[PDB]
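**Student:** Pasting input-v2.pdb below, which is PDB, C-alpha atoms.
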```pdb
ATOM      1  CA  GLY A  13     -36.855   8.116 -37.490
ATOM      2  CA  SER A  14     -40.270   9.190 -38.764
ATOM      3  CA  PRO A  15     -41.873   6.448 -40.904
ATOM      4  CA  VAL A  16     -43.346   9.181 -43.199
ATOM      5  CA  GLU A  17     -39.874  10.593 -43.858
ATOM      6  CA  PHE A  18     -38.559   6.978 -44.219
ATOM      7  CA  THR A  19     -41.016   6.452 -47.092
ATOM      8  CA  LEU A  20     -40.292   9.817 -48.702
ATOM      9  CA  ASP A  21     -36.540   8.948 -48.666
ATOM     10  CA  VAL A  22     -37.308   5.913 -50.854
ATOM     11  CA  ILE A  23     -39.705   7.541 -53.359
ATOM     12  CA  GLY A  24     -38.973  11.233 -52.947
ATOM     13  CA  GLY A  25     -36.750  13.750 -54.629
ATOM     14  CA  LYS A  26     -37.139  15.168 -58.126
ATOM     15  CA  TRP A  27     -37.072  12.017 -60.282
ATOM     16  CA  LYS A  28     -37.911   8.764 -58.572
ATOM     17  CA  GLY A  29     -41.688   9.287 -58.647
ATOM     18  CA  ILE A  30     -41.661   9.820 -62.405
ATOM     19  CA  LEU A  31     -39.320   6.856 -62.996
ATOM     20  CA  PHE A  32     -41.497   4.662 -60.802
ATOM     21  CA  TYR A  33     -44.746   5.743 -62.440
ATOM     22  CA  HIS A  34     -43.470   4.856 -65.898
ATOM     23  CA  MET A  35     -42.547   1.350 -64.802
ATOM     24  CA  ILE A  36     -46.088   0.679 -63.506
ATOM     25  CA  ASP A  37     -47.159  -0.550 -66.977
ATOM     26  CA  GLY A  38     -43.969  -2.629 -67.522
ATOM     27  CA  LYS A  39     -40.172  -2.625 -67.936
ATOM     28  CA  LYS A  40     -38.295   0.317 -69.511
ATOM     29  CA  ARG A  41     -34.871   0.836 -71.062
ATOM     30  CA  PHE A  42     -32.600   3.696 -70.014
ATOM     31  CA  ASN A  43     -33.251   5.581 -73.260
ATOM     32  CA  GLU A  44     -37.032   5.351 -72.720
ATOM     33  CA  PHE A  45     -36.582   7.144 -69.387
ATOM     34  CA  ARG A  46     -34.423   9.876 -71.027
ATOM     35  CA  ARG A  47     -37.307  10.543 -73.420
ATOM     36  CA  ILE A  48     -39.692  10.609 -70.422
ATOM     37  CA  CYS A  49     -37.430  13.236 -68.707
ATOM     38  CA  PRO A  50     -35.474  15.316 -71.218
ATOM     39  CA  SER A  51     -34.010  17.526 -68.475
ATOM     40  CA  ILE A  52     -32.493  14.535 -66.495
ATOM     41  CA  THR A  53     -28.736  14.112 -67.214
ATOM     42  CA  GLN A  54     -27.571  10.564 -67.960
ATOM     43  CA  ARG A  55     -25.408  10.393 -64.752
ATOM     44  CA  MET A  56     -28.333  11.531 -62.585
ATOM     45  CA  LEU A  57     -30.698   8.984 -64.217
ATOM     46  CA  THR A  58     -28.166   6.208 -63.556
ATOM     47  CA  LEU A  59     -27.778   7.338 -59.901
ATOM     48  CA  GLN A  60     -31.521   7.583 -59.265
ATOM     49  CA  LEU A  61     -32.063   4.132 -60.784
ATOM     50  CA  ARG A  62     -29.140   2.640 -58.742
ATOM     51  CA  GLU A  63     -30.680   3.963 -55.527
ATOM     52  CA  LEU A  64     -34.149   2.503 -56.362
ATOM     53  CA  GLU A  65     -32.375  -0.776 -57.137
ATOM     54  CA  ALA A  66     -30.305  -0.616 -53.947
ATOM     55  CA  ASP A  67     -33.510  -0.113 -51.914
ATOM     56  CA  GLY A  68     -35.096  -3.184 -53.593
ATOM     57  CA  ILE A  69     -37.768  -1.226 -55.534
ATOM     58  CA  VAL A  70     -36.335  -1.719 -58.983
ATOM     59  CA  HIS A  71     -34.877  -4.730 -60.743
ATOM     60  CA  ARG A  72     -32.126  -4.181 -63.306
ATOM     61  CA  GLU A  73     -32.007  -7.057 -65.805
ATOM     62  CA  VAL A  74     -28.856  -7.219 -67.926
ATOM     63  CA  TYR A  75     -28.904  -9.372 -71.063
ATOM     64  CA  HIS A  76     -25.512 -10.798 -71.814
ATOM     65  CA  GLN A  77     -25.065  -9.911 -75.453
ATOM     66  CA  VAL A  78     -23.100  -7.087 -77.067
ATOM     67  CA  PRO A  79     -24.079  -4.327 -76.724
ATOM     68  CA  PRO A  80     -26.015  -5.539 -73.618
ATOM     69  CA  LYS A  81     -29.726  -4.916 -73.253
ATOM     70  CA  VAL A  82     -30.663  -3.369 -69.926
ATOM     71  CA  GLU A  83     -34.219  -3.304 -68.575
ATOM     72  CA  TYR A  84     -35.581  -1.658 -65.411
ATOM     73  CA  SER A  85     -38.776  -2.884 -63.745
ATOM     74  CA  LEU A  86     -40.610  -2.750 -60.469
ATOM     75  CA  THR A  87     -39.951  -5.572 -58.069
ATOM     76  CA  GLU A  88     -42.865  -7.087 -56.184
ATOM     77  CA  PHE A  89     -41.667  -5.079 -53.167
ATOM     78  CA  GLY A  90     -41.602  -1.988 -55.396
ATOM     79  CA  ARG A  91     -45.232  -2.564 -56.468
ATOM     80  CA  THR A  92     -46.311  -2.173 -52.790
ATOM     81  CA  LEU A  93     -45.628   1.561 -53.235
ATOM     82  CA  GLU A  94     -47.883   1.715 -56.311
ATOM     83  CA  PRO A  95     -51.080   2.803 -54.427
ATOM     84  CA  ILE A  96     -49.256   5.671 -52.789
ATOM     85  CA  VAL A  97     -47.686   6.723 -56.161
ATOM     86  CA  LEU A  98     -51.057   6.566 -57.928
ATOM     87  CA  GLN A  99     -52.620   8.731 -55.157
ATOM     88  CA  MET A 100     -49.903  11.325 -55.653
ATOM     89  CA  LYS A 101     -50.646  11.347 -59.399
ATOM     90  CA  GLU A 102     -54.384  11.859 -58.763
ATOM     91  CA  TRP A 103     -54.003  14.447 -55.992
ATOM     92  CA  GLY A 104     -51.517  16.363 -58.105
ATOM     93  CA  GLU A 105     -53.796  16.301 -61.153
ATOM     94  CA  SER A 106     -56.878  17.295 -59.166
ATOM     95  CA  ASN A 107     -55.179  20.086 -57.217
ATOM     96  CA  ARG A 108     -52.828  21.745 -59.639
ATOM     97  CA  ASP A 109     -55.200  24.695 -60.228
ATOM     98  CA  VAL A 110     -55.896  25.308 -56.523
ATOM     99  CA  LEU A 111     -52.269  25.010 -55.445
ATOM    100  CA  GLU A 112     -51.585  27.640 -58.095
ATOM    101  CA  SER A 113     -54.241  29.950 -56.484
ATOM    102  CA  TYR A 114     -52.682  29.694 -53.028
ATOM    103  CA  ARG A 115     -49.227  30.335 -54.519
ATOM    104  CA  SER A 116     -50.608  33.297 -56.597
ATOM    105  CA  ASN A 117     -50.488  35.419 -53.397
TER
ATOM    106  CA  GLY B  13     -45.065  18.576 -65.320
ATOM    107  CA  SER B  14     -45.411  15.212 -63.533
ATOM    108  CA  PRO B  15     -48.354  15.380 -61.166
ATOM    109  CA  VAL B  16     -46.502  12.909 -58.892
ATOM    110  CA  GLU B  17     -43.567  15.360 -58.581
ATOM    111  CA  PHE B  18     -46.126  18.172 -58.118
ATOM    112  CA  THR B  19     -47.487  16.466 -54.998
ATOM    113  CA  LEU B  20     -43.999  15.674 -53.690
ATOM    114  CA  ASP B  21     -43.153  19.418 -53.963
ATOM    115  CA  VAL B  22     -45.935  20.130 -51.479
ATOM    116  CA  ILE B  23     -45.428  17.359 -48.927
ATOM    117  CA  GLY B  24     -41.840  16.329 -49.666
ATOM    118  CA  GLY B  25     -38.430  16.852 -48.126
ATOM    119  CA  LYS B  26     -37.187  16.041 -44.615
ATOM    120  CA  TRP B  27     -39.816  17.711 -42.354
ATOM    121  CA  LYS B  28     -43.146  18.549 -43.921
ATOM    122  CA  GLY B  29     -44.486  15.015 -43.524
ATOM    123  CA  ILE B  30     -43.614  15.008 -39.787
ATOM    124  CA  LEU B  31     -45.119  18.394 -39.114
ATOM    125  CA  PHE B  32     -48.232  17.578 -41.147
ATOM    126  CA  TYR B  33     -48.634  14.362 -39.352
ATOM    127  CA  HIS B  34     -48.471  16.165 -35.974
ATOM    128  CA  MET B  35     -51.337  18.531 -36.895
ATOM    129  CA  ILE B  36     -53.630  15.664 -37.874
ATOM    130  CA  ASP B  37     -54.754  15.275 -34.235
ATOM    131  CA  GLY B  38     -55.147  19.021 -33.561
ATOM    132  CA  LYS B  39     -53.521  22.470 -33.765
ATOM    133  CA  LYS B  40     -49.956  22.783 -32.451
ATOM    134  CA  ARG B  41     -47.871  25.572 -31.041
ATOM    135  CA  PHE B  42     -44.266  26.153 -32.204
ATOM    136  CA  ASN B  43     -42.656  24.721 -29.077
ATOM    137  CA  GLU B  44     -44.949  21.692 -29.475
ATOM    138  CA  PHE B  45     -43.318  20.892 -32.810
ATOM    139  CA  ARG B  46     -39.814  21.387 -31.305
ATOM    140  CA  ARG B  47     -40.598  18.825 -28.571
ATOM    141  CA  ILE B  48     -42.010  16.351 -31.118
ATOM    142  CA  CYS B  49     -39.063  16.884 -33.456
ATOM    143  CA  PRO B  50     -35.954  17.596 -31.279
ATOM    144  CA  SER B  51     -33.651  17.429 -34.327
ATOM    145  CA  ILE B  52     -35.371  20.356 -36.077
ATOM    146  CA  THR B  53     -33.871  23.813 -35.572
ATOM    147  CA  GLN B  54     -36.057  26.867 -34.960
ATOM    148  CA  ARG B  55     -35.091  28.389 -38.385
ATOM    149  CA  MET B  56     -35.985  25.207 -40.279
ATOM    150  CA  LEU B  57     -39.258  24.785 -38.386
ATOM    151  CA  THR B  58     -40.190  28.412 -39.316
ATOM    152  CA  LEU B  59     -39.411  27.927 -43.027
ATOM    153  CA  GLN B  60     -41.158  24.637 -43.333
ATOM    154  CA  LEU B  61     -44.314  25.951 -41.683
ATOM    155  CA  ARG B  62     -44.203  29.103 -43.861
ATOM    156  CA  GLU B  63     -43.929  26.906 -46.997
ATOM    157  CA  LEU B  64     -46.857  24.809 -45.930
ATOM    158  CA  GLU B  65     -48.929  27.979 -45.255
ATOM    159  CA  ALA B  66     -47.990  29.530 -48.663
ATOM    160  CA  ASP B  67     -49.283  26.296 -50.247
ATOM    161  CA  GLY B  68     -52.635  26.435 -48.492
ATOM    162  CA  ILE B  69     -51.965  23.349 -46.398
ATOM    163  CA  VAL B  70     -51.513  24.942 -42.936
ATOM    164  CA  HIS B  71     -53.346  27.749 -41.197
ATOM    165  CA  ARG B  72     -51.455  30.066 -38.893
ATOM    166  CA  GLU B  73     -53.654  31.760 -36.273
ATOM    167  CA  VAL B  74     -52.060  34.712 -34.425
ATOM    168  CA  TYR B  75     -53.569  35.875 -31.111
ATOM    169  CA  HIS B  76     -52.566  39.493 -30.607
ATOM    170  CA  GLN B  77     -51.705  39.551 -26.954
ATOM    171  CA  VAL B  78     -48.349  39.898 -25.252
ATOM    172  CA  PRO B  79     -46.578  37.528 -25.804
ATOM    173  CA  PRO B  80     -48.659  36.447 -28.814
ATOM    174  CA  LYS B  81     -49.941  32.878 -29.082
ATOM    175  CA  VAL B  82     -49.557  31.294 -32.519
ATOM    176  CA  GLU B  83     -51.290  28.107 -33.428
ATOM    177  CA  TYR B  84     -50.653  25.973 -36.482
ATOM    178  CA  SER B  85     -53.340  23.789 -38.020
ATOM    179  CA  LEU B  86     -54.266  21.926 -41.175
ATOM    180  CA  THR B  87     -56.698  23.666 -43.528
ATOM    181  CA  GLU B  88     -59.674  21.786 -45.150
ATOM    182  CA  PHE B  89     -57.484  21.608 -48.210
ATOM    183  CA  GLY B  90     -54.509  20.361 -46.245
ATOM    184  CA  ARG B  91     -56.494  17.489 -44.821
ATOM    185  CA  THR B  92     -57.033  16.122 -48.300
ATOM    186  CA  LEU B  93     -53.373  15.011 -48.137
ATOM    187  CA  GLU B  94     -54.081  12.806 -45.165
ATOM    188  CA  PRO B  95     -54.548   9.583 -47.092
ATOM    189  CA  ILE B  96     -51.218  10.033 -48.814
ATOM    190  CA  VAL B  97     -49.329  11.022 -45.594
ATOM    191  CA  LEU B  98     -50.877   8.297 -43.405
ATOM    192  CA  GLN B  99     -50.421   5.616 -46.034
ATOM    193  CA  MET B 100     -46.731   6.582 -46.286
ATOM    194  CA  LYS B 101     -46.540   6.346 -42.531
ATOM    195  CA  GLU B 102     -48.076   2.867 -42.706
ATOM    196  CA  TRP B 103     -45.775   1.720 -45.513
ATOM    197  CA  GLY B 104     -42.678   3.021 -43.719
ATOM    198  CA  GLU B 105     -43.651   1.227 -40.477
ATOM    199  CA  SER B 106     -44.583  -1.989 -42.288
ATOM    200  CA  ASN B 107     -41.575  -2.128 -44.608
ATOM    201  CA  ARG B 108     -38.809  -0.578 -42.473
ATOM    202  CA  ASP B 109     -37.157  -4.011 -41.836
ATOM    203  CA  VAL B 110     -37.143  -5.246 -45.444
ATOM    204  CA  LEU B 111     -35.847  -1.893 -46.675
ATOM    205  CA  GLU B 112     -32.975  -1.718 -44.193
ATOM    206  CA  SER B 113     -32.051  -5.360 -45.044
ATOM    207  CA  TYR B 114     -31.792  -4.305 -48.760
ATOM    208  CA  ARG B 115     -29.621  -1.358 -47.604
ATOM    209  CA  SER B 116     -26.998  -3.737 -46.102
TER
END
```
Reformat the file's structure so that it appears as structure tokens.

**Tutor:**
Amino acid sequence: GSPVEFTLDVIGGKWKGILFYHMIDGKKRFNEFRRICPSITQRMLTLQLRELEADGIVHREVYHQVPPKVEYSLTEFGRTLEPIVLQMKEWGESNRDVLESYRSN
Amino acid sequence: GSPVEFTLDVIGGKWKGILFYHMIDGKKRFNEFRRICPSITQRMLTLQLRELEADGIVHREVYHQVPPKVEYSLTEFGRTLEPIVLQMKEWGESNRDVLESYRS
């Protein structure tokens, strides 16, 4: 399989990039992510986070009180994708206007 | 709108990264892509290349002879995605093993 597509399968799709980006500056609770993406449904957020966890990119820390505290963070392995994610942010910011021109016809 | 998800709209999905990557080293004909990517169907190849062209990433040059030659290439703009695409290639090669070990 293509290594480019292999990477995009880990970080691609509609939500993982956003989720990832917001963990760059530290751990987040589930409700913080819902405020970051008001159109994500709670089942879809849980699924996207489970897949990032399953791939070793995100750590899910559960505190054993009631109701339990749950915190999502980047693993060290996760952080190796940070340069690529930051480049996407920058390229997307820089090029939004010109992508819109090309699309405008 | 997340600028990260903006970029992924352009270069994302199952094929665009592969096709992009294969224009880095020069223009390609349609059948050249099919040989490179045997799993891709002719319909999917056509759509993906049309999406890339609509987005200003790929240039499609038609030579009006019979049968016409068509050549696909990266635009100046398109090549600005190279660091992202190549770095993803490098990450995927480097981290393939660790990632598959997490997936089992």

**Student:** From the set B:15, B:26, B:33, B:42, which residue has the shortest atom-to-atom contact distance to residue A:99, counting only C-alpha atoms?

**Tutor:**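 Result for the nearest residue to residue A:99: B:15.
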
**Student:** With 6 Å as the limit and counting all atoms listed in the file, what residues in chain A lie close to chain B? Please list them as a VMD selection string.

**Tutor:** chain A and resid 15 to 16 18 to 19 67 to 68 100 to 101 104 to 105 114 to 115

**Student:** Write a file of the just-selected residues containing C-alpha atoms, as a compact mmCIF listing (two decimals), in the frame of the given file.

**Tutor:**
```txt
# COMPACT_ATOMS: atom_id res chain seq x y z
CA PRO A 15 -41.87 6.45 -40.90
CA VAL A 16 -43.35 9.18 -43.20
CA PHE A 18 -38.56 6.98 -44.22
CA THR A 19 -41.02 6.45 -47.09
CA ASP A 67 -33.51 -0.11 -51.91
CA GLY A 68 -35.10 -3.18 -53.59
CA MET A 100 -49.90 11.32 -55.65
CA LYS A 101 -50.65 11.35 -59.40
CA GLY A 104 -51.52 16.36 -58.10
CA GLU A 105 -53.80 16.30 -61.15
CA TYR A 114 -52.68 29.69 -53.03
CA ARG A 115 -49.23 30.34 -54.52
```

**Student:** By how many Å are atom CA of residue A:61 and atom CA of residue A:77 apart?

**Tutor:**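 Interatomic distance here is 21.5 Å.
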
**Student:** Evaluated on this file, the PyMOL selection byres ((chain B and resi 85) around 8) picks out some residues - which ones are they, written as a ChimeraX atom specification?

**Tutor:** /B:35,38-40,70-72,83-84,86-87

**Student:** Choose the residue, out of A:47, A:55, A:72, A:62, that has the smallest atom-to-atom separation from residue A:22; count only C-alpha atoms.

**Tutor:**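 The closest residue to residue A:22 is A:62.
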
**Student:** Report, in Å with one decimal, the straight-line distance from atom CA of residue A:80 to atom CA of residue A:43.

**Tutor:**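 For atom CA of residue A:80 relative to atom CA of residue A:43, the distance reads 13.3 Å.
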
**Student:** If you take every atom of stretch 100-114 of chain A that the file lists and fit an axis-aligned box around them with 5 Å extra on each side, what centre and edge lengths come out in Å to one decimal, as lines of an AutoDock Vina configuration file?

**Tutor:**
```
center_x = -53.4
center_y = 20.6
center_z = -57.1
size_x = 17.0
size_y = 28.6
size_z = 18.1
```

**Student:** Quick one, how far is atom CA of residue B:36 from atom CA of residue B:56?

**Tutor:** 20.2 Å

**Student:** Select, from A:32, A:27, A:116, A:66, the residue with the minimum atom-to-atom distance to residue A:49, counting only C-alpha atoms.

**Tutor:**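 Answer, going by the shortest atom-to-atom distance: A:27.
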